[PDB]
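# A structural walkthrough
Chain residues, written in single-letter form:
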Amino acid sequence: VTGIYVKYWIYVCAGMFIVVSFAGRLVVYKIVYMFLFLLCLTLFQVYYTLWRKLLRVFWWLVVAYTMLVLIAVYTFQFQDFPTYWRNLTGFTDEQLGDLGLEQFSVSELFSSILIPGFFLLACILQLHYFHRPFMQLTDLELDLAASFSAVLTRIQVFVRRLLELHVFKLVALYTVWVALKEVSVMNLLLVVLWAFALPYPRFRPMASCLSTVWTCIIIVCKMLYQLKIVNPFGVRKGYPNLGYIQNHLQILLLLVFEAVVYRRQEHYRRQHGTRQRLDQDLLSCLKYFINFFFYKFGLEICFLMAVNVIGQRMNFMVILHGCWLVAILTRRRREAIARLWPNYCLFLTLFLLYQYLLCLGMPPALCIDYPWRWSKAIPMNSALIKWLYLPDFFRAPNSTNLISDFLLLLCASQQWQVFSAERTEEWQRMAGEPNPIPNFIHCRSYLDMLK
Amino acid sequence: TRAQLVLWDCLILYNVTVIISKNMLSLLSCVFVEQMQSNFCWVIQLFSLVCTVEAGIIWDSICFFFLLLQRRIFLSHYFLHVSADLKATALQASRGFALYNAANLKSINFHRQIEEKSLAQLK
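This deposited entry lists cryo-EM as its structure determination method and 6.81 Å as its resolution.

Next comes the structure, spelled out in structure tokens:
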């Protein structure tokens, strides 16, 4: 129980986030404070080394802000002092009255107490667990149960190793899903920029930090624009506003968590012929088969990704780049085709931007419909509009193009891995040849019979 | 291998070319239905077309995926064992011929021993 409690550190942060999120009606000031706290937490997480320098202080400050909010809630019950505050500040108390200077119902009182009470519980947990205990906590850890635990630890380690690829894939998946659900300024643009920064390795950590910052900015804008007041257009203002950026914010948080987990794994790592191995047994051949198969056959894999998306999407511009792909296949030389790919990568990126711009419609400058789109005797008709992508009174068509684009970008990244394939002498070393093969005329290896 | 791979590669070229061609027919069919419905009323008998506005080209696409896996296998040099097999074909028949005729001979020759055994009763 003591060990579990010591390891129960992130729970306080999760509870604070939960209190911040979906706290019934939003007490504008309280909601703003919660969002600011979340943003500060993200900034510290990026700062992590700096956050390590000032983490307990951050927790104490969060507790202090919660206490201040609760005290303010008590203060607004009195009426003379809020009037005094209005007089000194010069803004109306009508806004605060909308917020509610009065002690509201059992649900409201219970929620407010729980938020301050949750803050008190979190502060107590913070006092119980020192920053050094958290640093030690980063490391993690009848007979069958112990063996299972050891196997699980080995797995966890493998997951940490694969985390870089998994994280990139997850970030892309979240971006694509968000774009498919909704397309908005900076929303798709951030994903596109991230795709721009995926090829270069060194920018990629900074790019991740900046993508997280952009996601935070988008979430902040959504929170500010959670409702529409003026009613005098590129605005959500969803009444429930359950998850405008919640999926995106969660994805960013998961990525940061993966990064921190990677740091912990690296700290632990500080602590403490393959081909014939293939011939030996199931585990060896399978592990070799999986890693080698993907790193060498990523060209084939991308070919599959391209073919599947091309069939599923079925549009003309998508088909033309597919035609580029078949032109690529015409060449039978791996080296020459490889030389050709980087320019094709640039071409696919241009395709990504072009396709998104085509999806875009109703420019913010003009409220009424398009000039070029016509009910006149212009040669175009309903067939083009069904094929073309422009929101109107009638339709804004299918967004399968984005999922196909996702496949395209990931393939580009995999192509960069292929670039590492001709390079990376140590890894490629595993990958003349006719002389070894004859020996297994009918090799007795269990694997050999199947092969 | 060189000739077979190039010619077969052309076969794959045919496959992907068909991919592009059906995409073309499908897109044109979807965009315009009225003129095509009116004349392609008979052409629809010639060729059935696409939906009103499991689905998609799934069986062919997957055949393509497996086809891709196999061409790569073909490209590899693991065929040397196979190569023995192919050359091997050239010489079996004669031996099997003899084996076959010998078996018939053996059967007929074996047949004769039983009657001398019958003669053995006579003996």
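Following the structure, the description resumes.
## Section: the overall build of chain B
The helix and strand tally for chain B stands at four helices and zero strands. Walking chain B from its N terminus toward its C terminus, one meets helices and strands in the order α-α-α-α. Scaling as 2.2 N^0.38, a compact globule of 123 residues should have a C-alpha radius of gyration of about 14 Å, whereas chain B reaches 30 Å, well beyond that.

## Looking at the overall build of chain A
Counting its regular elements, chain A contains 21 helices and zero strands. The C-alpha radius of gyration of chain A comes to 28 Å, more than 25% above the 22 Å expected for a compact globule of 451 residues. Principal-axis analysis of the C-alpha atoms places the extent of chain A at approximately 95 × 80 × 35 Å.

## Quick word on unusual backbone geometry
Residue and element names in this part refer to chain A. Of note in this structure, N231 is not a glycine but carries a positive phi near 50 degrees. Relative to the helices and strands, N231 resides in the loop between α12 (203–224) and α13 (246–270). The phi angle at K237 is positive, at roughly 55 degrees, despite the residue not being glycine. For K237, the position within the fold is in the loop between α12 and α13.

## A few points about the interface of chain A and chain B
Counting residues at the interface gives 25 residues for chain A, matched by 21 residues for chain B. Contributing elements (two or more residues each) for the side of chain A that touches chain B: α15 (282–313), α16 (316–330) and α18 (382–387) of chain A. With six residues, α15(A) is the single largest residue contributor to the side of chain A that touches chain B. Classifying every residue of the side of chain A that touches chain B by side-chain character gives 18 nonpolar, three polar and four charged.

## Digging into α13(A)
For α13(A), with 25 residues, the first-to-last C-alpha span of 36 Å sits near the 36 Å given by 1.5 Å per residue. Within two residues after α13(A), A:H272 carries a phi angle of roughly 55 degrees, on the positive side.

## Examining the pattern of salt bridges
Here A:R429 and A:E425 are joined by a salt bridge, their closest N and O atoms 2.5 Å apart. Of this pair, A:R429 and A:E425 both sit in helix α20 (residues 425–430), four residues apart, which is roughly one turn of the helix. One salt bridge in this structure joins B:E116 and B:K117, with 3.2 Å as the shortest N-O distance.

## Some points on the packing of aromatic side chains
How two aromatic rings sit relative to each other is given by the distance of their centres and the angle of their planes. All names here are of chain A. Between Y74 and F78, the aromatic rings sit 5.6 Å apart at their centres with planes inclined by 80 degrees, giving edge-to-face as the arrangement. Measuring from ring centre to ring centre gives 5.6 Å for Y200 and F203, while their planes differ by 50 degrees; the resulting arrangement is tilted. Each residue in the set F303, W324, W341, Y344 and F347 is aromatic and connected to the rest through ring pairs, giving one cluster. The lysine or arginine in question, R202, covers the ring of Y200, its NZ or CZ lying 4.1 Å from the ring centre.

So, how was this worked out
Residues numbered from 1 in each chain as written, not as in the entry; some residues may be left out. Chains lettered and ligands numbered in written order. Part of a larger assembly, values for the part shown. Heavy atoms only, no water. Residues with missing side-chain atoms left out of burial classes, pairs and counts. Helix = DSSP H or I, 4+ residues; strand = E, 2+ residues; numbered from the N terminus. Rg over C-alpha atoms; globule rule 2.2 N^0.38 Å. Contact = heavy atoms within 4.5 Å. Nonpolar A, V, L, I, M, F, W, Y, C, P; charged D, E, K, R; others polar. Expected span 1.5 Å × (residues − 1). Salt bridge = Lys/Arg side-chain N within 4 Å of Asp/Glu carboxyl O. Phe/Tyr/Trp six-rings, centres within 6.5 Å; stacked < 30°, edge-to-face > 60°. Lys NZ or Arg CZ within 6 Å of the ring centre and 35° of its normal.

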